[PDB]
Amino acid sequence: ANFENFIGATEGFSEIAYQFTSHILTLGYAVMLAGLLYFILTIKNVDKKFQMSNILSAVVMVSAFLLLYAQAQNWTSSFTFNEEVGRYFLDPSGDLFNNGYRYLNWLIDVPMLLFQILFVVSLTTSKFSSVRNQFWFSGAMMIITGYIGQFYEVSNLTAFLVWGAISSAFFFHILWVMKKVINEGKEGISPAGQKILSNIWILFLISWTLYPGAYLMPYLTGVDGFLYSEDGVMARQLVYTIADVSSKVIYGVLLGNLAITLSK
Ligand SMILES: *C\C=C(C)/C=C/C=C(C)/C=C/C1=C(C)CCCC1(C)C
């Protein structure tokens with residue numbers, strides 16, 4: 001159904017590819033647990049008016065920890081070692097590699113990552129509810145559309161790219177609203193706070209952009225290329241993990257540093 005199931009059923013995964021993926025996916029949820037503690041223990045550092053950011057971050061941590069731990073458990077329990085060939089192949093008796101776990105974490109997270117910023121920075125000419133509604137509708141849509149096309153990653157590479165194209169449309173609209181929010185939030189805050197808001201915008205752009213990259217990591221070097229193999233799966237899962245810590249944990253950390261900066 002997905003690229004990881006196909007490669008695991010045809011050429012198979014080497015011992016290092018399988019060992020490396022389960023390791024990156026373990027490090028993935030382990031830092032979410034660490035992030036959950038950081039946000040809980042640091043709430044006393046920010047004034048009451050900003051604590052909504054810590055709360056939102058902590059709930060994202062929980063969602064990330066639970067679902068990413070299941071994604072890892074699903075990966076390891078999805079392949080078995082064939083001593084006769086020397087590689088890990090799809091196990092007909094297991095439940096297969098399912099991306100729905102990662103895609104459900106995204107759906108729960110988008111509304112909270114985009115909402116929490118509006119609890120630290122202030123808008124000027126924009127309306128609070130107008131920005132929030134645009135963030136929730138388009139953030140959900142980019143995800144349900146990215147999940148619809150992900151079903152044809154193998155079955156139909158045309159629908160894979162069209163759905164990913166529509167999903168991107170909603171994605172670039174978010175970057176647009178996120179840019180006005182950071183421009184308005186900069187007004188009336190000290191130069192120190194502005195610098196952090198600039199770092200946040202840059203981290204938001206790269207981190208969220210990493211996702212579509214992994215969505216295409218295999219079909220990047222062609223239909224018979226270096227990444228159209230077990231290496232493309234190692235790079236996709238790796239890219240997801242980097243974007244996962246950056247867009248969820250690092251992003252939330254920077255917001256807290258901003259809130260800390262604002263109370264002076
Ligand atoms: C886990 C938390 C968040 C905010 C995840 C965000 C993920 C993306 C922005 C993914 C975007 C996609 C794009 C742009 C196109 C293909 C489908 C994706 C969902 C991977």
# chains A, B, ... in the order shown; residues from 1 in each chain; ligands from 1
>>> residues_near_ligand(ligand="ligand 1", cutoff="6 Å", atoms="only C-alpha atoms and all ligand atoms", output="short mmCIF file (atom, residue, chain, number, x, y, z; two decimals) with N, CA, C and O atoms, in the first residue's frame")
data_model
loop_
_atom_site.label_atom_id
_atom_site.label_comp_id
_atom_site.auth_asym_id
_atom_site.auth_seq_id
_atom_site.Cartn_x
_atom_site.Cartn_y
_atom_site.Cartn_z
N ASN A 105 -1.29 12.02 14.06
CA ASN A 105 -0.59 12.94 14.96
C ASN A 105 -0.57 14.34 14.33
O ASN A 105 -0.82 15.30 15.03
N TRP A 106 -0.30 14.39 13.04
CA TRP A 106 -0.32 15.67 12.30
C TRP A 106 -1.70 16.31 12.41
O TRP A 106 -1.75 17.49 12.74
N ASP A 109 -2.18 17.68 15.78
CA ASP A 109 -1.18 18.73 16.10
C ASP A 109 -1.38 20.06 15.34
O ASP A 109 -1.24 21.08 15.99
N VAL A 110 -1.65 20.04 14.04
CA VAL A 110 -1.70 21.31 13.24
C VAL A 110 -2.49 22.39 13.99
O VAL A 110 -1.99 23.50 14.11
N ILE A 143 -3.78 18.14 5.45
CA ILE A 143 -3.43 16.84 6.00
C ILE A 143 -4.34 15.74 5.45
O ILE A 143 -3.86 14.68 5.04
N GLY A 146 -3.14 15.24 1.97
CA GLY A 146 -1.87 14.53 1.93
C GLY A 146 -1.98 13.07 2.29
O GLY A 146 -1.13 12.27 1.89
N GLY A 164 -0.79 15.54 -3.50
CA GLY A 164 0.27 16.29 -2.86
C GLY A 164 0.33 17.73 -3.33
O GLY A 164 0.76 18.62 -2.58
N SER A 167 -2.62 19.40 -1.54
CA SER A 167 -2.20 19.52 -0.15
C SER A 167 -1.23 20.68 0.03
O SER A 167 -1.26 21.38 1.05
N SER A 168 -0.36 20.90 -0.96
CA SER A 168 0.58 22.01 -0.89
C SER A 168 -0.14 23.35 -0.98
O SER A 168 0.25 24.32 -0.32
N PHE A 171 -1.04 24.34 2.09
CA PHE A 171 0.18 24.55 2.86
C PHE A 171 0.74 25.95 2.63
O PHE A 171 1.20 26.60 3.57
N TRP A 208 8.51 22.82 8.60
CA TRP A 208 7.30 22.38 7.90
C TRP A 208 7.60 22.00 6.46
O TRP A 208 6.91 21.15 5.89
N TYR A 211 8.60 18.18 5.68
CA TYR A 211 7.57 17.16 5.50
C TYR A 211 7.34 16.83 4.04
O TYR A 211 7.52 15.67 3.64
N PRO A 212 6.94 17.78 3.19
CA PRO A 212 6.78 17.45 1.76
C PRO A 212 8.02 16.84 1.14
O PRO A 212 7.90 16.05 0.19
N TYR A 215 7.82 13.28 1.94
CA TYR A 215 6.70 12.77 1.16
C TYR A 215 7.12 12.36 -0.25
O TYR A 215 6.45 11.52 -0.86
N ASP A 244 9.95 16.46 12.96
CA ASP A 244 9.10 16.22 14.12
C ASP A 244 9.63 16.93 15.36
O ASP A 244 8.87 17.56 16.10
#
>>> residues_around(residues="residue A:194", least_positions_apart="5", cutoff="12 Å", atoms="only C-alpha atoms", output="PDB file with C-alpha atoms, in the first residue's frame")
ATOM      1  CA  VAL A 121       2.171  37.465  20.071  1.00  0.00           C
ATOM      2  CA  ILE A 182       4.625  37.260  12.581  1.00  0.00           C
ATOM      3  CA  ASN A 183       4.684  40.694  10.921  1.00  0.00           C
ATOM      4  CA  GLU A 184       1.904  42.043  13.175  1.00  0.00           C
ATOM      5  CA  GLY A 185       3.299  40.328  16.255  1.00  0.00           C
ATOM      6  CA  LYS A 186       6.600  42.133  15.697  1.00  0.00           C
ATOM      7  CA  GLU A 187       4.887  45.514  16.075  1.00  0.00           C
ATOM      8  CA  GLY A 188       5.130  46.820  19.627  1.00  0.00           C
ATOM      9  CA  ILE A 189       7.638  44.268  20.941  1.00  0.00           C
ATOM     10  CA  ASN A 199      14.046  32.831  14.308  1.00  0.00           C
ATOM     11  CA  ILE A 200      10.587  31.309  14.779  1.00  0.00           C
ATOM     12  CA  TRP A 201       9.506  32.248  11.257  1.00  0.00           C
ATOM     13  CA  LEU A 255       7.823  30.287  21.833  1.00  0.00           C
ATOM     14  CA  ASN A 257      11.746  31.845  25.197  1.00  0.00           C
ATOM     15  CA  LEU A 258       9.684  34.533  23.457  1.00  0.00           C
ATOM     16  CA  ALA A 259       7.072  34.631  26.229  1.00  0.00           C
ATOM     17  CA  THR A 261      11.353  37.720  26.800  1.00  0.00           C
ATOM     18  CA  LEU A 262       7.995  39.516  26.699  1.00  0.00           C
TER      19      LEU A 262
END
>>> closest_residue(among="A:51, A:56, A:166, A:13", to="residue A:82", atoms="only C-alpha atoms")
A:13
>>> closest_residue(among="A:104, A:242, A:61, A:142", to="residue A:203", atoms="only C-alpha atoms")
A:242
>>> closest_residue(among="A:77, A:214, A:5, A:132", to="residue A:151", atoms="only C-alpha atoms")
A:5
>>> residues_around(residues="residue A:253", least_positions_apart="3", cutoff="9 Å", atoms="only C-alpha atoms", output="PDB file with N, CA, C and O atoms, in the first residue's frame")
ATOM      1  N   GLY A  35      10.320  16.301  25.901  1.00  0.00           N
ATOM      2  CA  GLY A  35       9.654  17.576  25.696  1.00  0.00           C
ATOM      3  C   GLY A  35       8.453  17.755  26.605  1.00  0.00           C
ATOM      4  O   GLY A  35       8.204  18.851  27.113  1.00  0.00           O
ATOM      5  N   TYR A  38       9.801  18.974  29.863  1.00  0.00           N
ATOM      6  CA  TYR A  38      10.302  20.343  29.784  1.00  0.00           C
ATOM      7  C   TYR A  38       9.164  21.349  29.884  1.00  0.00           C
ATOM      8  O   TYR A  38       9.203  22.275  30.703  1.00  0.00           O
ATOM      9  N   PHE A  39       8.131  21.174  29.057  1.00  0.00           N
ATOM     10  CA  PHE A  39       7.037  22.138  29.022  1.00  0.00           C
ATOM     11  C   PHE A  39       6.264  22.156  30.336  1.00  0.00           C
ATOM     12  O   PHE A  39       5.834  23.221  30.793  1.00  0.00           O
ATOM     13  N   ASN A  54       2.574  26.958  26.788  1.00  0.00           N
ATOM     14  CA  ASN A  54       3.115  25.756  27.418  1.00  0.00           C
ATOM     15  C   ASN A  54       2.089  24.632  27.423  1.00  0.00           C
ATOM     16  O   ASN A  54       2.400  23.485  27.080  1.00  0.00           O
ATOM     17  N   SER A  57       1.726  23.180  24.006  1.00  0.00           N
ATOM     18  CA  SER A  57       2.909  22.385  23.695  1.00  0.00           C
ATOM     19  C   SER A  57       2.872  21.036  24.404  1.00  0.00           C
ATOM     20  O   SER A  57       3.161  19.998  23.797  1.00  0.00           O
ATOM     21  N   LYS A 248       7.694  20.559  16.414  1.00  0.00           N
ATOM     22  CA  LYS A 248       6.919  20.308  17.622  1.00  0.00           C
ATOM     23  C   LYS A 248       7.642  20.735  18.890  1.00  0.00           C
ATOM     24  O   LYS A 248       7.083  21.477  19.701  1.00  0.00           O
ATOM     25  N   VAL A 249       8.881  20.288  19.081  1.00  0.00           N
ATOM     26  CA  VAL A 249       9.608  20.552  20.317  1.00  0.00           C
ATOM     27  C   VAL A 249      10.366  21.869  20.206  1.00  0.00           C
ATOM     28  O   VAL A 249      10.154  22.785  21.007  1.00  0.00           O
ATOM     29  N   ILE A 250      11.257  21.970  19.217  1.00  0.00           N
ATOM     30  CA  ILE A 250      12.055  23.184  19.064  1.00  0.00           C
ATOM     31  C   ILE A 250      11.151  24.396  18.895  1.00  0.00           C
ATOM     32  O   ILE A 250      11.380  25.451  19.500  1.00  0.00           O
ATOM     33  N   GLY A 256       8.331  29.630  24.131  1.00  0.00           N
ATOM     34  CA  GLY A 256       8.513  29.893  25.549  1.00  0.00           C
ATOM     35  C   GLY A 256       9.591  30.926  25.809  1.00  0.00           C
ATOM     36  O   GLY A 256       9.427  31.812  26.651  1.00  0.00           O
ATOM     37  N   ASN A 257      10.709  30.827  25.087  1.00  0.00           N
ATOM     38  CA  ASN A 257      11.746  31.845  25.197  1.00  0.00           C
ATOM     39  C   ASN A 257      11.206  33.217  24.807  1.00  0.00           C
ATOM     40  O   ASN A 257      11.582  34.233  25.403  1.00  0.00           O
ATOM     41  N   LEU A 258      10.312  33.266  23.816  1.00  0.00           N
ATOM     42  CA  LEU A 258       9.684  34.533  23.457  1.00  0.00           C
ATOM     43  C   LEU A 258       8.827  35.057  24.603  1.00  0.00           C
ATOM     44  O   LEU A 258       8.991  36.200  25.045  1.00  0.00           O
TER      45      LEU A 258
END
>>> select_by_dssp(residues="stretch 100-152 of chain A", states="alpha helix (DSSP H)", output="short mmCIF file (atom, residue, chain, number, x, y, z; two decimals) with C-alpha atoms, in the first residue's frame")
data_model
loop_
_atom_site.label_atom_id
_atom_site.label_comp_id
_atom_site.auth_asym_id
_atom_site.auth_seq_id
_atom_site.Cartn_x
_atom_site.Cartn_y
_atom_site.Cartn_z
CA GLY A 100 -1.99 6.53 9.46
CA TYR A 101 -0.35 6.84 12.87
CA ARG A 102 1.98 9.64 11.80
CA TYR A 103 -0.81 11.23 9.75
CA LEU A 104 -3.18 11.19 12.79
CA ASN A 105 -0.59 12.94 14.96
CA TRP A 106 -0.32 15.67 12.30
CA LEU A 107 -4.10 16.12 12.16
CA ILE A 108 -4.33 16.51 15.97
CA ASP A 109 -1.18 18.73 16.10
CA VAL A 110 -1.70 21.31 13.24
CA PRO A 111 -4.54 23.15 15.09
CA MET A 112 -2.53 23.38 18.34
CA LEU A 113 0.89 24.40 16.84
CA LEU A 114 -0.75 27.19 14.81
CA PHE A 115 -3.11 28.25 17.61
CA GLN A 116 -0.50 28.55 20.36
CA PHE A 128 -7.98 36.82 16.15
CA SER A 129 -10.86 34.57 15.07
CA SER A 130 -10.26 35.27 11.37
CA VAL A 131 -6.66 34.06 11.61
CA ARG A 132 -7.54 31.04 13.74
CA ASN A 133 -10.34 29.82 11.47
CA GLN A 134 -8.10 30.09 8.40
CA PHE A 135 -5.39 28.12 10.25
CA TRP A 136 -7.69 25.31 11.36
CA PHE A 137 -9.54 24.81 8.07
CA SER A 138 -6.47 24.91 5.81
CA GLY A 139 -4.23 22.92 8.25
CA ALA A 140 -6.75 20.10 8.48
CA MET A 141 -7.33 20.13 4.68
CA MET A 142 -3.61 19.94 3.80
CA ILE A 143 -3.43 16.84 6.00
CA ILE A 144 -6.56 14.96 4.87
CA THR A 145 -5.45 15.64 1.29
CA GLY A 146 -1.87 14.53 1.93
CA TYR A 147 -3.26 11.30 3.39
CA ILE A 148 -5.60 10.66 0.45
CA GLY A 149 -2.75 10.87 -2.05
#
>>> residues_around(residues="stretch 85-93 of chain A", least_positions_apart="4", cutoff="7 Å", atoms="only C-alpha atoms", output="tab-separated table (two decimals) with N, CA and C atoms, in the first residue's frame")
chain	number	residue	atom	x	y	z
A	5	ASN	N	6.05	-0.77	2.48
A	5	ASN	CA	5.52	-2.15	2.33
A	5	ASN	C	6.06	-2.79	1.04
A	8	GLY	N	9.73	-3.61	1.33
A	8	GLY	CA	9.92	-4.69	2.31
A	8	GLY	C	9.40	-6.02	1.78
A	9	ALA	N	8.67	-5.98	0.67
A	9	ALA	CA	8.06	-7.21	0.11
A	9	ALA	C	8.80	-7.65	-1.15
A	12	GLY	N	13.45	-6.15	-0.12
A	12	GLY	CA	13.73	-6.31	1.32
A	12	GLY	C	14.63	-5.25	1.91
A	13	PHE	N	14.72	-5.18	3.23
A	13	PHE	CA	15.54	-4.21	3.94
A	13	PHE	C	16.79	-4.89	4.50
A	14	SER	N	17.93	-4.22	4.35
A	14	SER	CA	19.16	-4.71	4.95
A	14	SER	C	19.08	-4.61	6.47
A	15	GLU	N	20.03	-5.26	7.14
A	15	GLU	CA	20.02	-5.25	8.61
A	15	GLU	C	20.22	-3.81	9.11
A	78	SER	N	6.79	-5.21	11.87
A	78	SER	CA	6.30	-5.37	10.51
A	78	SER	C	7.22	-6.19	9.62
A	79	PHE	N	8.46	-6.44	10.04
A	79	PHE	CA	9.42	-7.18	9.23
A	79	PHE	C	10.09	-8.25	10.08
A	80	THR	N	10.56	-9.30	9.41
A	80	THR	CA	11.24	-10.41	10.06
A	80	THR	C	12.51	-10.75	9.30
A	81	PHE	N	13.49	-11.27	10.04
A	81	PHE	CA	14.79	-11.59	9.46
A	81	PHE	C	14.72	-12.93	8.75
>>> residues_around(residues="residue A:24", least_positions_apart="2", cutoff="9 Å", atoms="only C-alpha atoms", output="ChimeraX atom specification")
/A:19-22,26-28,72,237-238,241
>>> closest_residue(among="A:68, A:159, A:1, A:169", to="residue A:97", atoms="only C-alpha atoms")
A:1
>>> closest_residue(among="A:17, A:216, A:58, A:161", to="residue A:76", atoms="only C-alpha atoms")
A:17
>>> select_by_dssp(residues="stretch 27-108 of chain A", states="strand (DSSP E)", output="compact mmCIF listing (two decimals) with N, CA and C atoms, in the first residue's frame")
# COMPACT_ATOMS: atom_id res chain seq x y z
N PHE A 79 8.46 -6.44 10.04
CA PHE A 79 9.42 -7.18 9.23
C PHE A 79 10.09 -8.25 10.08
N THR A 80 10.56 -9.30 9.41
CA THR A 80 11.24 -10.41 10.06
C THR A 80 12.51 -10.75 9.30
N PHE A 81 13.49 -11.27 10.04
CA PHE A 81 14.79 -11.59 9.46
C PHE A 81 14.72 -12.93 8.75
N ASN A 82 15.11 -12.94 7.47
CA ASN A 82 15.22 -14.17 6.68
C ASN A 82 16.69 -14.54 6.63
N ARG A 87 18.06 -10.56 4.75
CA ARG A 87 17.40 -9.24 4.79
C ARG A 87 16.08 -9.34 5.54
N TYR A 88 15.46 -8.21 5.85
CA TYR A 88 14.18 -8.13 6.54
C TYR A 88 13.07 -7.96 5.51
N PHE A 89 12.13 -8.90 5.54
CA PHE A 89 11.02 -8.87 4.56
C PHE A 89 9.69 -8.67 5.28
N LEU A 90 8.71 -8.20 4.54
CA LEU A 90 7.38 -8.00 5.10
C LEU A 90 6.84 -9.31 5.67
>>> residues_around(residues="residue A:205", least_positions_apart="5", cutoff="12 Å", atoms="only C-alpha atoms", output="PyMOL selection string")
chain A and resi 171-172+174-176+178-179+198-200+210-212+243+246-247+251
>>> write_last_selection(atoms="C-alpha atoms", output="tab-separated table (two decimals), in the first residue's frame")
chain	number	residue	atom	x	y	z
A	171	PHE	CA	0.18	24.55	2.86
A	172	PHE	CA	1.25	27.76	1.11
A	174	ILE	CA	-0.80	28.69	5.94
A	175	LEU	CA	2.69	30.15	5.30
A	176	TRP	CA	0.86	33.27	4.08
A	178	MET	CA	1.74	32.70	9.37
A	179	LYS	CA	3.73	35.54	7.73
A	198	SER	CA	12.40	36.08	13.19
A	199	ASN	CA	14.05	32.83	14.31
A	200	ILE	CA	10.59	31.31	14.78
A	210	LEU	CA	10.86	19.10	5.48
A	211	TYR	CA	7.57	17.16	5.50
A	212	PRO	CA	6.78	17.45	1.76
A	243	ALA	CA	10.88	17.84	11.17
A	246	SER	CA	11.87	20.88	15.00
A	247	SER	CA	8.21	21.65	14.28
A	251	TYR	CA	9.16	25.35	17.88
